[PDB]
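Notes follow once the structure below has been shown.
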Amino acid sequence: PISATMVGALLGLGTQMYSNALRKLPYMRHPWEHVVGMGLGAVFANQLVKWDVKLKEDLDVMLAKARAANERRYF
Amino acid sequence: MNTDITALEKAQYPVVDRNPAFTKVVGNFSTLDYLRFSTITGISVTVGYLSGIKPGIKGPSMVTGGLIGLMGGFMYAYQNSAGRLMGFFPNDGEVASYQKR
Amino acid sequence: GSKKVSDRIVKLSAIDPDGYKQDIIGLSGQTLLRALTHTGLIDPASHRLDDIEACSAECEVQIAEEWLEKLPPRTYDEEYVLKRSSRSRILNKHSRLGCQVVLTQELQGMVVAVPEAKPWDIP
Amino acid sequence: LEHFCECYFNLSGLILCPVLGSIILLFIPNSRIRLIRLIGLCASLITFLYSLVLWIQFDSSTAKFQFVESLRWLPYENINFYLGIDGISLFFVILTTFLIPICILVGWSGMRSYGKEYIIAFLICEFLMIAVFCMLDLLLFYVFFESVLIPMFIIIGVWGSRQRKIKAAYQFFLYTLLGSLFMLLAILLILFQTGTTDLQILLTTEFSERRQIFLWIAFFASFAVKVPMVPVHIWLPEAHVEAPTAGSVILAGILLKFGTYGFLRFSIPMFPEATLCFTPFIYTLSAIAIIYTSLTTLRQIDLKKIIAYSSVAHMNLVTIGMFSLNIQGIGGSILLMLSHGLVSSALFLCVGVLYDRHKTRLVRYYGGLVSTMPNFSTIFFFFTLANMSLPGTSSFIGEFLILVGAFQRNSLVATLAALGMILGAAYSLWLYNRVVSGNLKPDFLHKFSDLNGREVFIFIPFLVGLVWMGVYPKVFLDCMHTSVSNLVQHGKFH
Amino acid sequence: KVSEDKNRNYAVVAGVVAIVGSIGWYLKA
Amino acid sequence: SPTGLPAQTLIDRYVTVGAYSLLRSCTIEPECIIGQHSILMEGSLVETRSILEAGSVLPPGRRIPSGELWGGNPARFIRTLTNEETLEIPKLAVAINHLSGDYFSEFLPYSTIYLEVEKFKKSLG
Amino acid sequence: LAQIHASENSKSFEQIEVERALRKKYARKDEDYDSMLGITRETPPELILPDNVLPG
Amino acid sequence: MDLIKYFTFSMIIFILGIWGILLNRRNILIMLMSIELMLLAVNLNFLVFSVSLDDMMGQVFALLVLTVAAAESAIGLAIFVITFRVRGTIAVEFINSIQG
Amino acid sequence: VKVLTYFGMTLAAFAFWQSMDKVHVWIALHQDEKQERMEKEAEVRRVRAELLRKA
Amino acid sequence: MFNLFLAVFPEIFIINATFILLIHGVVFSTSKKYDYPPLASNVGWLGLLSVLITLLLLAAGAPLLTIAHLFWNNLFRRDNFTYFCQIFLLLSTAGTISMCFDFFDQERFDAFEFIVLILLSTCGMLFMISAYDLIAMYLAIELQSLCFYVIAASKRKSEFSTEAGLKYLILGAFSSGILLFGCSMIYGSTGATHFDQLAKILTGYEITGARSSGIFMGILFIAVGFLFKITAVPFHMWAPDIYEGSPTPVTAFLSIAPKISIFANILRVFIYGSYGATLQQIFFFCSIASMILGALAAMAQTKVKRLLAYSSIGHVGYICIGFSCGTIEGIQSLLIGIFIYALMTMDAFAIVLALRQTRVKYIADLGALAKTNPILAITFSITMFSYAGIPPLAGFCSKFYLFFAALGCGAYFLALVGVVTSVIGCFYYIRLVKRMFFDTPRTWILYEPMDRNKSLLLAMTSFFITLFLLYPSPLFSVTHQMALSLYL
Ligand SMILES: [Fe+3]
């Protein structure tokens, strides 16, 4: 389907083309950089997904402690 | 000078050594630690060389970048090794060597 | 060829801040600032557009009253710019924004005074 | 809760089509003008066909939202958004998908100077306008409605004919933004009570009469600007006149419908008690706008100003119908909304035909055109009649049904609203005669060309649609009555 | 037959070391 | 320049200089068309939205007023341009730039001649 | 004029490279930082045209 | 009444700095000196409070604020020198170009 | 200034500081009225909030 | 003993690297043998590398930064809130440095000491974030401020740069003196400078009738100093003049990093200490003044840099509305607003530095940019619509909160001010889009294309600005984490 890897690869390729266009260069100037950008974007998207999962776990632990501290009031 | 290594957040892994000595942490350097060290140092030497071409000092710039990379890579490797010995990072190999010696 | 650039030429005299008189040349229908930048009396790089929205009185010149009646009266925006760019915040009656003065044939021989350049290149 | 749909043709693909077209057109060089034109036109046409298929699978017995598909925002699933349509929004999706290819075809000849930016702006507008009409959430409706401001601003400012477009684009942006800001406040106040913005939940929640009144005022502040109601309608003549032709078509045919759509989707069903309290207030504002703006139209001298001002009077008659709160009034209000988007769009196309050739909008220059452009004169007369709500045209069906629904509630407002039959006839025929009838004036205009093959084809679906609704509105009313009936009954149990 | 610039050669070695080390770093983590 | 103005050659934006034309210290204001095989001499000025026919000759210090079509040797007034004709000038410049895009696309940043030079050098020792 | 054009067109590859580097080196300036260092950068003679071709 | 008297000594120096700002709109060097008077008054506050509370933290901070005051004065006068060197004068009418 | 002017300004400042001493003694002497007035204003607020919650 | 310093490993590394770069620069810039080479770009690349290695050390050592917390307690306090704030500060500094190489090469700004002072101020802001005592807070603030005074006057022959530095030193030293006077009052009244001690002394009482006026005025003066630092009205007039007069990379750096660090200080001092209502009313009234004044003054500007300065003043007003409400969602929204404003400002200053190669100064200089560089005009229009808060761009997020708190804390005058100032801001932002797209000037300015660094940074920030509302979960989660970690 629409995995993180594909979204990241597309974003990285688009980032290399956008950069070339902002510099008035042909869209495909230095194609090996387009390959590098695809790889880096894929890696970044997958790592962002993993980091988001980890963040949620940490937040749940923090929210559990906050609710325990708040429930201590009614003791 | 009174000291206290106790951290705010407790180590989540078996504590092999609470306050490992400097030479003990250096001797605990693993293959991955040396890989991190070498990668940081090599990148730093390369950046020093490439940024030194225009002013004409690629060699001295290479030495400067390599020194920055050597200090940073050694500090990173020490960080990881000491964290493993202290139980802050996953330390399977440290525990396997500890339970035997 | 029945149509020369000399038909549009306007003769003019500018006095530089060191008090020396020079004979400058400009085309009718173009601003006094363009004629002034032809010789480098005013740095063209300091005033590249002829718009009041791109002017901090880098084009300001002083003109005697005899030539001031041969010009349209200063606009509110022009006086605002001149007054605010003054170091003393005082509107000089003989000051005109060179970017807002269009040369015409009735301004032949007009004499203009060019003050010291203000700083214009913002870091 | 993944409320995904089992149908093959769904709303997500329709929303994605013009977006894919725009993305592809991003990367095509401006030297490949033929390819840019073809790709844009084909993307818009496939979107039109897709929407027709959505019509085909519509179920006209249910009052539930159809083709409902859920789209998830956070893996926490607390905030999750839904898309769906009913008999009230289906034809507006269809109208958007139909008008966009017309907008591309109108600028076909100038496409070598417009560039891919023109097509991309219109394709982006299409995506947002389809989405706005397909939203089951107050917050997403808000966010998608403001998104259209950016491309509409660009369209008006870049491709407008003269420098009054600067002021026009400013006024359009600022008025619309102000209105959308009051809607945001109400959305956040609703969210404070209910903890949600899901429309279906809101339709099942009870509001206090005090807070119903207040939230209704907050919705009115945005919708009355969109409609537009007096005295916040003065942005319309500037924006609709200074826009390019296709821009005027989009502005009058689709964007104007968003305020009345917002009255039918949010204010009227969600706050039934406040709606009853403000019914004399809406009746008064609409009646004033109909009488006053019709008389201003009479005294306009610009071709595009007469058509723009006519749009205000037609839209305020729509509000009388929807606030009559019965089958005829709300049914007629939706039909007039659809009819206006065809009639006023066709009328803006007639004026643009004249402007592209002679480059003037002043009525005084024209006249006598029947002797040089009989084809345009005949097509112009037909849409002139449709603008007068002549029986047999699409606009008469909606107009009379609204008057029926208004008469059953208040005979005075139906009487004042029926005065537009006299006034609307006066300015439409005076416009037609001063442009088409009489003698030519060779000192102003001496060289003439009638419509070409592209302009005649452009007018064909407008003639067919106007006739088709005017003689057999049953194909539309049948698919609407179940949703209309439940909108009227919302909030009462007897 | 031989590349003479020594500083260039050392830079090349550093770049290769960085690439192989990054690959090993991924492979062992 | 004989006119006394600065003597740089300025070819402004959206200007089409027809093939085989000679320009020496002339100013062409934006959106003009210079006909093929034309000659613009020192200090001459072509004002904006003007067109010159092919084979025109503009002597030193002469001027082509805006919105006009000129031609001949020496150039003479012919007719005033209509609005549409003047709207078509930047379209001509844009179309020529679109054509030049095809020629720009045929050249990679570097050539491969240096390889031919290398083997020529090797085949000589 | 022929002298400067002939001098340029007959330069070898090595001299072309030397002058390209020099031209890039002296294209802009920082006379403020130079005065801080107490040095005066001088345009190399191979980038200076003879006075007989200068406009004055 | 000892503590109030030392405190009012420091307070008068602080107020004198404020007045010196208020009273020298043509004299930017005196403004810099007024700021130094305020800093001195604050240092005195810290030392007096350290004595009054029998606490050393006020003395540690007084020494560090001394270092900061010296650094501020050195940099401030450097900027004054380059401002004068560029303009040839210290008059306030030559340092008002940036505005609006 | 003249040296005598600096001396006279010092004398005036000495007088000012002795006046400040008198002000400080006056403030110290009226701590009890401040305390008694504060007793009222806080207790009024108590009797007040207590009465306002009886309903 | 050595393992205790694991908590200061990032700072130790960055300081030592700064010393190495200082020595390298001064040794080879004076060398006759290498013909006194300009070293600004060389030391810039090496310093960017140093910042990235510092970031690696800090982010990969999250639990180790809390080691020996009792030994280090009287010096600083490292926690999750500080962890994320410092990561964001290092990222800002790296981006700003990467945006300076074209300026070094083309204007020939050859001073490498520029990079050294930027790195030293980065050290100062890193220490600011972890500050947990009034003394340490003041010291770190002064270090950062002194570095800024020197870099604001870096173009030492320019009238504008010298004027900017002079106003910065006088107004900055004045504000610092006021803040130091507040610290002295608090210390005299409570006998305490540590944030924990101040917390214990001040909680439970606020204004309990017999309020310590010493504590109250210490708080007021410290608040005045903080408000000067964040350029809140009426302590703001130094900002537009210094932003204009400073070299543009300095303006870009001063726009982002100091705000991150000072807001970290404000949170840990006020939200954590306990005087209460007055403190939040201070920020409420200053937020309102900032929004109104920023909107009007920006509407009056004709130069790009001044417009950006006034826009930043208005946006700090919007952010401080979050601190005013004093709830968990208030802190979260403040952090989200800071992050989005920082990325947007980085986008805007990347574009400004790109156009500074052809000396952009006025808004009218951007005429016909949609013809000469259409993709740059689109990228810049996206930034302006994001600044104006038009959904679904990232700028909407911050605007959405403003009204959420206004209807949450029950404040409709704030809501009305927000509606009017948002409309005004929209007008003066879309005026730039009109200039680049709708105008047909007689004279055009052709701009040189930007370098690779700025194009890559611009592409990334523009993709973030257009697409953040599609996947906003990580920022929401991390800011909620930081807001919670302020207390637990
Ligand atoms: Fe001017």
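Protein chains in written order, with the deposited numbering: chain d, 2 to 76; chain f, 1 to 101; chain O, 37 to 159; chain M, 2 to 495; chain v, 75 to 103; chain x, 129 to 253; chain y, 210 to 265; chain K, 1 to 100; chain u, 2 to 56; chain N, 12 to 499. Virtual Cβ for every residue (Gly too), placed ideally from N, Cα, C.
Check: Under 7 Å between C-beta atoms, does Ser32 of chain M make it to chain x?; Outcome: yes
Check: From the DSSP output, in three-state form, read off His491 of chain M for me.; Outcome: coil
Check: Going along chain O in order, which residues have a C-beta closer than 9 Å to the C-beta of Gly189 of chain x?; Outcome: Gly37, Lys40, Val41 and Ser42
Check: Could you tell me which residues DSSP puts in a beta bridge with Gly62 of chain O?; Outcome: O:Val46
Check: In whole angstroms, give me the CA-to-CA distance for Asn384 of chain N and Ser178 of chain x.; Outcome: 26 Å
Check: To the nearest angstrom, how far is it from the Cα of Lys80 of chain v to the Cα of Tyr47 of chain N?; Outcome: 23 Å
Check: With a threshold of 6 Å, establish whether the CB of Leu133 of chain O neighbours any heavy atom of ligand 1.; Outcome: yes
Check: Considering only C-alpha positions, which residue in the set O:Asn128, O:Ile61, O:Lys154 and O:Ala149 is nearest to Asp43 of chain O?; Outcome: O:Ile61
Check: Which residues, in chain order, does the region 154–178 of chain x contribute to contact with chain O at a C-beta distance below 7 Å?; Outcome: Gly171 and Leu173
Check: When DSSP labels each residue in this structure, what does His205 of chain N get in the three-state scheme?; Outcome: strand
Check: Using a beta-carbon distance below 7 Å, is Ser195 of chain N in contact with chain K?; Outcome: yes
Check: Apart from the five residues on each side of it in sequence, which residues of its chain come closer than 8 Å, Cβ to Cβ, to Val62 of chain N?; Outcome: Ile25, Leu101, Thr104, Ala105, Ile108, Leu130 and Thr133
Check: With DSSP as the reference, identify every bridge partner of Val117 of chain O, one or two as the case may be.; Outcome: According to DSSP, which records beta bridges pairwise, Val117 of chain O is partnered with nothing at all.
Check: Please list the terminal residues of the continuous alpha helix (DSSP H) segment that includes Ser390 of chain M.; Outcome: Unbroken run through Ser390 of chain M: none, as it is neither H nor E.
Check: Looking at ligand 1, does it come within less than 6 Å of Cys91 of chain O, judged from the CB to the closest heavy atom?; Outcome: yes
Check: Measure the beta-carbon distance from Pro245 of chain N to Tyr321 of chain N and round it to whole angstroms, keeping in mind my assumption that it falls under 8 Å.; Outcome: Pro245 of chain N to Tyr321 of chain N, Cβ: 14 Å. No contact.
Check: Run the proximity test for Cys43 of chain M: is its beta-carbon closer than 6 Å to any non-hydrogen atom belonging to ligand 1?; Outcome: no
Check: Just the chain d side, please: which residues come within less than 8 Å of residue 504 of chain N by C-beta, in chain order?; Outcome: Because chain N in this structure spans residues 12 to 499, residue 504 of chain N falls outside the shown range and cannot be described.
Check: Under the rule that 16 or more other beta-carbon atoms within 10 Å means buried, what is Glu159 of chain x, buried or exposed?; Outcome: buried
Check: Please list, in chain order, the residues of the region 39–70 of chain f that have any C-beta partner in chain v closer than 7 Å.; Outcome: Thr39, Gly42, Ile43, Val45, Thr46, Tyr49, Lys58, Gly59 and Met62
Check: On the DSSP bridge list, what partners appear for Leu150 of chain x?; Outcome: x:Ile167
Check: Does DSSP put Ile139 of chain x in a helix, in a strand, or in coil?; Outcome: strand
Check: Out of d:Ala70, d:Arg74 and d:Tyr75, which one is the CA nearest neighbour of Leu495 of chain N?; Outcome: d:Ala70
Check: Assuming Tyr458 of chain N is part of the alpha helix (DSSP H), what are its boundary residues?; Outcome: Taken as a continuous stretch (DSSP letters only), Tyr458 of chain N belongs to no alpha helix (DSSP H), as it is neither H nor E.
Check: If you follow the beta strand (DSSP E) that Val315 of chain N is in, where does it begin and where does it stop?; Outcome: No beta strand (DSSP E) holds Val315 of chain N; the alpha helix (DSSP H) holding it covers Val315 to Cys336.
Check: I'd like to know whether the C-beta atoms of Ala365 of chain N and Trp455 of chain N end up nearer to each other than 7 Å.; Outcome: no
Check: Between the C-alpha atoms of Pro159 of chain O and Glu174 of chain N, what's the straight-line distance to the nearest angstrom?; Outcome: 11 Å
Check: Give a yes or no on whether the minimum CB-CB distance between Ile78 of chain O and chain x is below 7 Å.; Outcome: no
Check: Select from M:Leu350, M:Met323 and M:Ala347 the residue whose C-alpha is nearest the C-alpha of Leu337 of chain M.; Outcome: M:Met323
Check: Quick one, which residues of the region 2–14 of chain d are near chain N if we go by CB-CB under 7 Å, in chain order?; Outcome: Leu12
Check: Would you kindly check if the distance between the Cβ of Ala470 of chain N and the Cβ of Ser20 of chain d is under 7 Å?; Outcome: yes
Check: How about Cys351 of chain M and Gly88 of chain M: do their beta carbons lie closer than 7 Å?; Outcome: no
Check: Is there at least one Cβ from chain K nearer than 7 Å to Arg167 of chain N's Cβ?; Outcome: yes
Check: Below 7 Å between beta carbons: does that hold for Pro102 of chain M and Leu182 of chain M?; Outcome: no
Check: Which residue or residues does DSSP assign as beta-bridge partners of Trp56 of chain M?; Outcome: None; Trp56 of chain M has no bridge partner.
Check: Whose C-beta lies closer than 8 Å to the C-beta of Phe95 of chain N among residues of the same chain, with five residues either side of it excluded?; Outcome: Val489, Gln492 and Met493
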